[PDB]
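Colleague: When you get a sec, could you give me coordinates for this:
(chains A, B and C)
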Amino acid sequence: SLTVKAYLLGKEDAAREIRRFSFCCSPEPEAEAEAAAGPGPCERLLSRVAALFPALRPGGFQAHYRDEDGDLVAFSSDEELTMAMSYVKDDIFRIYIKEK
Amino acid sequence: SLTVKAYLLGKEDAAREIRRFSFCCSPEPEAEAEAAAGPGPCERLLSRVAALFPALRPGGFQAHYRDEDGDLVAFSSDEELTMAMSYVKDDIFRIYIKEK
Amino acid sequence: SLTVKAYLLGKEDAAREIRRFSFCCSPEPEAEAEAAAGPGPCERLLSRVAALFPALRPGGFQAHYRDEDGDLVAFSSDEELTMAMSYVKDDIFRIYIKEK
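Modeller: Numbering: from 1, shown residues only, chains lettered A, B, ... in the order given. Take a look at the structure below.
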């Protein structure tokens, strides 16, 4: 299991709302194309953040993760998630949620 | 029939979105308590504005109507609607929508 | 794999020597009693620290790990290792080596 921490950013980049959800270490929830048609972790995470942060649009936001440099990188692909977890050594995945 | 015009207000009180819906001249849509349990026009209007203006909360907004003076009066009662229509002579009811 | 960082402490608790070794995520290196006769991780770690820190005795030292409070707890049992790793979220296990 891996708890993912999300940080909501308003206009002054100030923490509006905080919420976390339990995630599986598994690559993807489903295997069939009826349930995985390419993505998996990204589409899963972006789903929870939507229901968790109703303050903004359901799918009208980008999640930005810090890199080795610290800069924000708006991720939106499973390939980018596998990389983002490579940074964190612990079982906590922090990310910066922003509404488009 | 009576078309109700709503004006969405952001932070700078600037018209974000515009949308209208056809309303009935009738007092209330239903008569039974299963369908009218006190309110009628207010609850009906506030319902449409929610589905029409998804940009904000479903029921986390107040509709303000101009008076004889011009000032905004956040209405939220059927008794206030019957009065608001008394101002307009035409078949067009304008109101200022604001998200709480 | 899990890199274990060790910190050598002299008389003034000052970092004398620094050295790291690659460890396996596995419970124990061997299964037979000829190779595991109770311990496993502790006996393995304490073995490397000895060859790595020849400055002191081969088996005349105690390794102290920080707890939730931060205090040092001289560990010397496999049961204590499994717990020590539970603190660190990353893949880096830090410990304070002291010669008896």
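Colleague: near chain C, which residues of chain A?
Modeller: A:88-92 (Cβ under 8 Å from any Cβ of the partner chain). In this view, the C-beta of every residue, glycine as well, is placed from N, C-alpha and C.
Colleague: quick one: which of those residues has the most company?
Modeller: Using other Cβ atoms under 10 Å in any protein chain shown as the neighbour test, the residues of chain A next to chain C are led by residue A:88, with 16 neighbours.
Colleague: who's in contact with that one?
Modeller: Residues counted as contacts of residue A:88 (Cβ atoms under 8 Å, 6 or more residues apart in numbering or on different chains) are A:94, C:89-90.
Colleague: which one of those is nearest residue C:18?
Modeller: Closest approach between the contacts of residue A:88 and residue C:18, by Cβ to Cβ: residue C:90, at 17.5 Å.
Colleague: Nearest residue to the closest one in space, please, no chain neighbours.
Modeller: Counting by Cβ to Cβ, 6 or more residues apart in numbering or on different chains, residue A:89 is the residue found nearest to residue C:90 once chain neighbours are left out, at 2.2 Å.
Colleague: I figured the one you found was touching residue C:85, is that so?
Modeller: No. Judged on Cβ atoms under 8 Å, residue A:89 makes no contact with residue C:85 at a distance of 11.8 Å.
Colleague: what about residue A:48, which SS state?
Modeller: helix (DSSP: H, G, I helix; E, B strand; the rest coil).
Colleague: Can you get me a residue count around it?
Modeller: 16.
Colleague: if we can go back for a sec, can you list which of the residues of chain A next to chain C are found in helices?
Modeller: Judged by DSSP state H, helices contain none of these.
Colleague: just those residues now: which is nearest residue C:46?
Modeller: The closest of the residues of chain A next to chain C, once distances to residue C:46 are taken by Cβ to Cβ, is residue A:89, at 23.7 Å.
Colleague: Would you mind listing the residues in contact with that closest one?
Modeller: C:88-92.
Colleague: go with 10 Å
Modeller: C:2, C:88-92 (Cβ atoms under 10 Å, 6 or more residues apart in numbering or on different chains).
Colleague: Figure out the helix or strand that the spatially most central residue of chain A lives in.
Modeller: Centroid-nearest residue in chain A, with Cα atoms, centre = their mean: residue A:45, separated by 4.6 Å. Under the criterion of DSSP states H and E, residue A:45 resides in helix A:41-52.
Colleague: elements contacting that helix?
Modeller: If you count contacts as 3 or more Cβ pairs under 10 Å, 6 or more residues apart in numbering or on different chains; DSSP states H and E, helix A:41-52 packs onto strand A:2-9, strand A:15-23, strand A:61-66, strand A:72-75, helix A:78-87, strand A:92-99.
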